[PDB]
Each structure stands twice: as C-alpha cells, then as structure tokens.
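Scroll down for the structure; my scribbles are underneath it.
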Amino acid sequence: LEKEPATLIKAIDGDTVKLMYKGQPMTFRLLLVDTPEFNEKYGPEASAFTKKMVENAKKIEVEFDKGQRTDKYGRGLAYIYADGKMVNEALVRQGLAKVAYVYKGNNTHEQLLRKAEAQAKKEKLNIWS
Ligand SMILES: Cc1cn([C@H]2C[C@H](OP(=O)(O)O)[C@@H](COP(=O)(O)O)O2)c(=O)[nH]c1=O
Ligand SMILES: [Ca+2]
C-alpha cells in the first residue's frame, strides 16, 4: 500500500472526514472501524478526537487498500494518516472505535487494528469501560 497526499477540507465525525484528494473534494470513511454516531455515547468524544488529529496535522495522507476505493454512498475508503500517525488505529487504541466492516480484500491493516482494540479493551478505555 502507498500513502498519497490530501488536504483537510473539514472534520465531520469520528470516522468520516472531508478531504481534497487529487484536487477534488471527497468524503472519506475510515476503513476497518466504527465510531459511535454523534448522538450516541462516546460519539462526541470520537468526533473530537478525529477533529483534533486531522486539524492539528501538518500533513494528511490517504492510503487505499487493495479493493474497493469508494463505497455505495460515494465515500472514499481509506486509511488516513496525520503526520504519519494512522487515525483509524489511534481511534481503536483509545477505545473510541470498534474494529468493524472487515471485508475481504480491503483488510490489510486488520491485525494491527485488532491488536490496538485488544489493548484498549484490556485498559477498559471509553467504549470498553
Ligand atoms: C467502512 C465501510 C462502510 N461501508 C458501508 C456499509 C454500511 O452500509 P449501510 O449504510 O447499508 O449500513 C455503511 C456503514 O457506514 P457508517 O458506519 O458510516 O454508517 O457503510 C462499506 O460498504 N464499506 C466499508 O468499508
Ligand atoms: Ca459510524
């Protein structure tokens, strides 16, 4: 997998963000995770967490996996990095997202994220508390 440049347009919620990618505005849905909706327990904290990570970054990158790059709603499906740190993994490590939506051929970082989830759960962080 390869990291590509993007720039932040706007934070949206815990697991979606609007980025400019190859010059075009696109909503990105983070692969392999599920954050609570804003209206649910931990939803504001997830949204806040992702917002801070992407707004504070000097460099945002997008990494597509091997499979589908857009979902049925036209959202980009990617791993998102903020100054070299993966947002997807960070949310899971903090107990602000569950590993989820693991579909064959877009699951390169699955074991990495499951390892983060285990550690979040062992710590009883946030959704695991
Ligand atoms: C993460 C992800 C979501 N989706 C679709 C499946 C779910 O469809 P349904 O909307 O039909 O439930 C939805 C969940 O996204 P949200 O968690 O953003 O709601 O997005 C994918 O098709 N591939 C993916 O990799
Ligand atoms: Ca969600």
Side-chain angles (χ1 to χ4, degrees):
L1 306 194
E2 297 281 342
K3 280 161 200 175
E4 301 174 60
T7 66
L8 180 69
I9 296 172
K10 195 202 303 172
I12 306 168
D13 79 346
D15 63 12
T16 60
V17 58
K18 195 167 181 208
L19 304 176
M20 189 182 291
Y21 167 70
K22 286 184 152 188
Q24 303 305 326
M26 285 176 66
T27 296
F28 280 82
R29 175 65 166 75
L30 292 186
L31 280 169
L32 301 186
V33 306
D34 196 24
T35 55
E37 304 296 318
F38 185 83
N39 84 299
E40 278 147 17
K41 209 173 162 25
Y42 299 110
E45 290 75 12
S47 298
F49 182 98
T50 294
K51 183 176 210 302
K52 179 169 187 214
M53 215 171 153
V54 295
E55 281 184 359
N56 282 8
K58 283 136 181 309
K59 183 173 71 173
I60 294 299
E61 290 168 294
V62 156
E63 186 187 55
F64 292 103
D65 209 317
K66 301 303 224 235
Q68 177 173 94
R69 298 193 170 186
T70 67
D71 67 16
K72 69 193 188 180
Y73 296 112
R75 307 179 297 182
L77 300 169
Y79 311 102
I80 301 306
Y81 297 84
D83 293 327
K85 187 158 182 43
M86 201 209 302
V87 179
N88 313 58
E89 189 197 1
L91 285 153
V92 175
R93 179 61 182 85
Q94 290 308 309
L96 288 171
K98 291 185 169 171
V99 179
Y101 299 106
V102 185
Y103 298 96
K104 217 183 155 280
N106 267 351
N107 69 337
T108 295
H109 296 307
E110 178 185 12
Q111 292 309 126
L112 182 76
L113 295 206
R114 289 193 188 280
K115 176 61 175 291
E117 190 177 89
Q119 192 65 25
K121 195 175 328 199
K122 211 267 192 300
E123 291 169 15
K124 271 80 150 181
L125 288 191
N126 286 321
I127 70 185
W128 307 116
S129 71

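Note that ligands are numbered from 1 as they come in the structure, with each ligand's atoms numbered from 1 the same way. If you read the sequence from its start, that first residue is 1, and numbering goes on from there. Computed over heavy atoms, backbone and side chain alike; hydrogens, waters and symmetry mates excluded.
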For [atom], find the nearest protein heavy atom and state the residue, atom name and distance (0.1 Å precision).
atom	result
atom 19 (O) of ligand 1	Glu37 OE2, 4.2 Å
atom 20 (O) of ligand 1	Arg75 NH2, 3.0 Å
atom 25 (O) of ligand 1	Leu77 CD2, 3.6 Å
atom 7 (C) of ligand 1	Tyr101 CE2, 4.0 Å
atom 17 (O) of ligand 1	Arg29 NH2, 2.9 Å
atom 23 (N) of ligand 1	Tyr103 CE1, 3.4 Å

Could you list which atoms of ligand 1 come closer than 4.0 Å to a heavy atom of [X]?
X	value
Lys72	8 (O), 9 (P), 11 (O)
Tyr73	9 (P), 10 (O), 11 (O)
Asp34	17 (O)

- [ ] Measure from the Ca ion (ligand 2) to every N/O/S atom of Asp15 and report the name of the nearest one.
- [x] OD2
TODO: Of all N, O or S atoms in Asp34, identify the one at the shortest distance from the Ca ion (ligand 2).
DONE: OD1
Task: Nearest protein heavy atom under 4.0 Å from atom 12 (O) of ligand 1, yes or no - done: no
